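Below: the structure, in structure tokens.
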Amino acid sequence: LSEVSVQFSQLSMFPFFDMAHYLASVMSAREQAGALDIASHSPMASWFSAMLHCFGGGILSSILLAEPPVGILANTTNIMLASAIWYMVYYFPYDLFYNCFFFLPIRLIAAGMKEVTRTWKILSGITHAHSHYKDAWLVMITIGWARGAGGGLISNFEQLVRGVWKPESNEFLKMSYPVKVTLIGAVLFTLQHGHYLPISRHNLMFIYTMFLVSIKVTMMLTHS
Amino acid sequence: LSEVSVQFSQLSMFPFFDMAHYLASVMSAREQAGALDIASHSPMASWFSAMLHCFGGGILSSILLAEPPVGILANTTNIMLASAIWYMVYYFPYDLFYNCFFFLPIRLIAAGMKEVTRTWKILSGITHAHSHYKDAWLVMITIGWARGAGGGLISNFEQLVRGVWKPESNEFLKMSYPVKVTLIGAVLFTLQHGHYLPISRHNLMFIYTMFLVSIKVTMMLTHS
Amino acid sequence: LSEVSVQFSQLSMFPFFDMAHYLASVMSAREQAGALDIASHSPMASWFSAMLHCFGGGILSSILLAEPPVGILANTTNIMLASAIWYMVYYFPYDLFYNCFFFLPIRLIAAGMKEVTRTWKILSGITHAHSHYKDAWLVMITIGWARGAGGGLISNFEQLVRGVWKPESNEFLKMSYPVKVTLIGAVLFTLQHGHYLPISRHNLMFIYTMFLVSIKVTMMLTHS
């Protein structure tokens with residue numbers, strides 16, 4: 004029944020899903036060590052650290068392609084869409100916002116939708132790298148990987164923003180779960196582009212997103 | 004009497020004022036902790052650290068706009084104009100140069116003129132961001148702020164140049180005086196170009212520069 | 004006998020010599036402190052650290068000229084030509100690869116040919132900076148120097164890749180031998196393109212390459 008994958012490919016991420024990636028990234032950034040004290044004594048550094056979690060994919064993909072990183076800041080609709088979630092995750096009265104979204108079902112849905120935004124970011128970078136370099140496989144893998152787990156790769160300098168400098172925790176030394184999955188996804192969809200992978204994009208799109216959501220759901224379920 | 008602000012808007016900064024910003028930035032870089040030993044044992048690192056104080060506004064504004072940072076190095080007239088001040092601040096015979104400009108009236112004039120160069124840098128980055136992005140308010144604020152206090156934002160990596168690594172002293176954690184004033188100035192003049200602020204450009208230019216020079220003059224006076 | 008310098012001005016570096024620079028850079032990167040443990044437990048970090056040694060010249064010259072650093076990754080022939088040397092230097096059976104190239108005559112030839120690749124990289128960056136900026140001397144010096152000893156200037160962040168952070172060992176504080184030689188070469192050949200240096204390009208090319216190979220051969224001979 005390939006008619007269902009065609010319906011899944013018509014999804015738009017501007018309203019609902021972009022907020023889910025921004026919320027899951029800001030909440031996961033708050034749950035990190037010493038992030039509450041940053042927002043309590045320095046809202047500017049905690050906000051910029053949240054933007055590195057939300058738009059880290061577009062920032063790294065722009066720096067690697069010699070594209071202006073301020074161009075991501077031009078979309079005032081998206082920047083304000085993530086800043087409002089940041090202010091509510093940290094500075095909501097009675098912390099009713101975080102306590103509501105920390106609930107297990109709501110946290111599963113929000114995180115699972117961020118996994119969906121990761122897919123289109125990978126394909127965005129792969130097709131965008133194709134616009135700059137035609138059949139260069141390594142460029143498309145790099146930019147698609149840069150948009151999939153951008154915040155995970157700038158995580159070393161993102162830690163430097165909040166104040167913690169950990170030179171021993173490099174992403175290439177121990178590839179974390181999201182970064183290595185984005186690497187696998189970037190390679191697969193580059194072969195999907197490259198036509199070396201015998202499957203349509205939309206079917207590979209659906210099965211990779213499902214294989215990603217199912218794992219993180221299982222992780223968040225087996226963790227609590 | 005708005006006829007005086009029109010006369011003030013006609014200042015050219017190429018001869019006198021650019022040297023004032025370069026001198027105030029190089030001298031303030033020397034007075035930092037452990038800067039004399041850098042120039043005495045490694046003139047290369049102290050010179051580059053001085054260039055990050057002088058041209059830090061243009062460097063950060065070029066990196067944010069994907070513009071070549073080496074383009075700032077193209078103006079050999081400006082680079083030599085700051086390197087000559089660097090060599091005289093550190094390596095002048097009998098230190099007659101620094102001892103002359105460390106005098107309170109001369110230090111007040113040189114620093115007060117750097118406050119004037121900060122204004123045109125803010126407006127240069129706001130109008131330059133307007134050339135790249137029409138009515139994007141956040142881009143004009145970012146680039147105008149990047150040229151106002153550029154050396155203050157790269158201060159973390161500028162410290163890494165001389166050899167001091169302070170991951171705890173982030174500019175976003177505690178906003179210093181010059182950086183936060185440039186932020187206020189970048190926001191005000193951005194509302195001016197967007198015509199959201201009910202005042203002419205020339206008058207807002209003059210009152211902001213005066214409000215800036217008067218504060219630093221008061222600071223340098225109340226400090227000695 | 005200027006008839007021999009013309010025959011030398013004609014070496015093509017695509018087959019033999021590019022592998023020599025990649026081999027000498029990867030082997031010298033392995034001989035660094037704690038580099039074997041990186042490749043044994045984190046092949047991704049050791050590979051990227053090896054690429055920063057091989058293509059650090061092109062990477063830094065691209066970042067300084069606002070050119071896409073991923074553009075160096077487009078040449079899959081050159082990237083695979085260096086990654087194969089990386090895998091054989093580290094993961095060859097019985098380490099027969101490193102033990103063969105660590106032999107003194109073979110190590111002298113491989114390192115001496117990397118010194119030849121350094122020459123064309125300096126001239127590549129000088130002529131490339133001439134294409135972006137006509138008679139800008141400082142830009143031609145910077146880019147030619149950026150291609151000559153690129154891995155030596157990103158060495159601070161390259162150390163951050165493998166996991167070691169030394170904020171005290173800056174290249175400008177104590178200029179190493181290869182970096183300061185590339186600076187001298189970048190200045191000499193910049194005076195050549197500007198015709199301020201009374202010598203033909205081909206002759207200055209040959210005498211500078213010989214003066215560089217003879218020194219490193221003497222160093223490797225007096226070190227063992």
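Chains as they are written, first to last, in the deposited numbering: chain B, 4 to 227; chain C, 4 to 227; chain A, 4 to 227.
Even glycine gets a Cβ: it sits at the ideal position worked out from N, Cα and C.
Sub-8 Å separation of residue i and residue j beta-carbons
i      : j      : result
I157/B : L63/B  : yes
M47/B  : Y101/B : no
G128/C : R110/C : no
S52/A  : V164/A : yes
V182/B : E171/B : no
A69/B  : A69/A  : yes
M54/C  : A85/C  : yes
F106/C : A113/C : no
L176/B : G166/A : yes
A36/B  : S49/B  : no
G155/A : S179/A : yes
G61/B  : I75/B  : yes
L224/A : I146/A : no
Cross-chain neighbours of residue i in chain C, by beta carbon under 9 Å
i     : result
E70/B : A69
Nearest neighbour of residue i, chosen from the options [CA to CA]
i      : options                      : result
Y25/C  : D98/C, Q10/C, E6/C, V119/C   : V119/C
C57/B  : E161/B, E6/B, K177/B         : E161/B
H131/A : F192/A, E34/A, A23/A         : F192/A
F17/C  : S5/C, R33/C, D40/C, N81/C    : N81/C
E6/B   : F209/B, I218/B, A42/B, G61/B : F209/B
CA-to-CA distance, residue j to residue i, given in whole angstroms
i      : j      : result
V92/B  : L99/A  : 57 Å
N206/A : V9/A   : 8 Å
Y90/B  : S45/B  : 13 Å
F11/C  : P71/A  : 42 Å
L215/C : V184/C : 8 Å
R121/B : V142/C : 26 Å
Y136/A : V73/C  : 10 Å
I88/A  : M83/C  : 44 Å
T221/C : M213/C : 12 Å
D21/B  : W123/C : 38 Å
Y97/C  : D138/C : 53 Å
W168/C : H198/B : 48 Å
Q195/B : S134/B : 16 Å
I202/C : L4/C   : 14 Å
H226/C : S227/A : 59 Å
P108/B : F95/A  : 50 Å
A23/C  : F19/A  : 54 Å
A32/B  : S217/B : 22 Å
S43/A  : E34/A  : 14 Å
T79/A  : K219/A : 30 Å
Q13/A  : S15/B  : 56 Å
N159/C : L200/B : 46 Å
Residue i: contacting residues in chain A (beta-carbon distance under 7 Å)
i     : result
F58/C : Result: empty, since nearest Cβ-Cβ is about 12 Å, beyond 7 Å.
Whole-Å CB distance - residue i paired with residue j, under 8 Å assumed
i      : j      : result
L186/B : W140/B : Their Cβ separation, rounded to whole angstroms, is 14 Å, which puts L186/B and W140/B out of contact at 8 Å.
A189/C : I125/C : 5 Å
Contact set between residue i and chain B, taken where Cβ atoms lie within less than 8 Å
i      : result
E171/C : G166
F51/A  : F175
Within chain C, the residues that residue i reaches when beta carbons sit closer than 7 Å
i      : result
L176/A : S45, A48, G166
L76/B  : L141, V142, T145
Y136/A : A77
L163/B : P170
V29/B  : Simply none; closest approach about 16 Å.
Contacts of residue i in chain A (Cβ-Cβ under 9 Å)
i      : result
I129/C : Neighbours of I129/C on chain A: none; closest Cβ ~21 Å, over 9 Å.
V92/C  : Correct list: empty, because the minimum Cβ distance to chain A is about 18 Å.
Chain B residues whose Cβ lies nearer than 9 Å to that of residue i
i     : result
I82/A : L141
is_contact[residue i, chain D] using C-beta, thresh 8 Å
i      : result
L191/C : Considering every chain present, this structure includes no chain D. Its protein chains are B, C and A.
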